[PDB]
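Enquirer: no FASTA, just this:
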Ligand SMILES: *[C@@H]1O[C@H](CO)[C@@H](O)[C@H](O)[C@H]1NC(C)=O
Ligand SMILES: O=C1O[C@H]([C@@H](O)CO)C(O)=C1O
């Protein structure tokens, strides 16, 4: 399991948590020195438990699929909550089995469905460590509209930061003040699968991408990523989605 405590959190301790989250995910190989997540994992071992505590020290446990860093659901006190999707249904066979009841959220976990539920695109939802405190607090007691927003914050501050050092850094800058995510953040989030695939295909193409990946950079400019010498690959991305799962 991994844990994170908002009380006393600072950029350094958040960065530590994110490192621990990345290190909790298994891989047998690296591709251009980036850990390649497994194609598949059998049974219960497929799910990592991330214990999160708000500033007041109340906690939720979040279940994360170690093959794709997707959040399946979470436990708040004696009640479990899972997305309305086959993968999370499965997860519910293995995790939080002693919850007194299980709620299926009225939406799947994809960004587009969460945004609709939350009533706003994530461009307009501030993120940061205080937003994460708020999100944990929201999730402690069921409210599906509010939870959609809290889940968007939760996903981006945990899984997306684990995937991209740049997003980790964004959150670090938002340690004590939330701000909407930069376009670059959105762009990386949206491109993780595509980036992951091209990086894997580049191996056999001398580090060159079969299809270039268009992103938004730190300056708010469009950039075209063609090969593994880009900073996106050498410095930013930290985990690759197996092409088996694309
Ligand atoms: C690879 O990427 C670098 C960094 O963007 C760029 O300057 C260079 O032209 C590209 N090289 C090839 C072989 O495509
Ligand atoms: O395809 C997606 O996977 C994650 C989701 O599973 C939650 O982690 C996400 O946000 C998407 O849009």
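Expert: Here it is on my side, so go on. Numbering: from 1, shown residues only. Ligands and ions are numbered 1, 2, ... in the order given.

Enquirer: what about stretch 26-33, near ligand 1?
Expert: No. Against ligand 1, stretch 26-33 shows no contacts by Cβ under 6 Å from any ligand atom, the least distance being 12.9 Å. C-beta: built from backbone N, CA, C; applies to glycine.

Enquirer: Other residues contacting that stretch?
Expert: 35-38, 41, 66, 199-200, 202-203, 207, 228, 233-234, 240 (Cβ atoms under 8 Å, 6 or more residues apart in numbering).

Enquirer: Give me the neighbour count for residue 224.
Expert: Using other Cβ atoms under 10 Å, residue 224 is surrounded by 10 other residues.

Enquirer: which residues sit in contact with it?
Expert: 212, 213, 214, 215.

Enquirer: Quick one: buried ones out of the contacts of stretch 26-33?
Expert: Buried by 16 or more other Cβ atoms under 10 Å: 35, 36, 37, 38, 66, 199, 200, 202, 228, 233, 240, out of the contacts of stretch 26-33.

Enquirer: residues in this structure within reach of ligand 1, list them.
Expert: Residues of the chain lying near ligand 1 (Cβ under 6 Å from any ligand atom): 208, 226, 227, 229, 230.

Enquirer: Looking at these, which one is closest to ligand 2?
Expert: residue 230 (23.5 Å; Cβ to the nearest ligand atom).

Enquirer: Near that closest one, how many other residues are there?
Expert: 20.

Enquirer: just residue 165 next, same as before
Expert: So residue 165, with other Cβ under 10 Å, has 17 neighbours.

Enquirer: Tell me which residue lies nearest the centroid of the protein.
Expert: The residue lying closest to the centre of the chain (Cα atoms, centre = their mean) is residue 159, at 1.8 Å.

Enquirer: Once you drop chain neighbours, what's closest to that residue?
Expert: Using Cβ to Cβ, 6 or more residues apart in numbering and skipping residues adjacent in sequence, the residue nearest residue 159 is residue 69, 4.3 Å away.

Enquirer: what about that neighbour, distance to residue 240?
Expert: 11 Å (Cβ to Cβ, to the nearest Å).

Enquirer: between those two, what contacts are shared?
Expert: residue 37.

Enquirer: Next, the buried residues of the strand ranked longest in the chain.
Expert: Looking across the chain with DSSP state E, the single longest strand is strand 208-216. Neighbour counts over strand 208-216 (16+ other Cβ under 10 Å) mark 209, 213, 215, 216 as buried.
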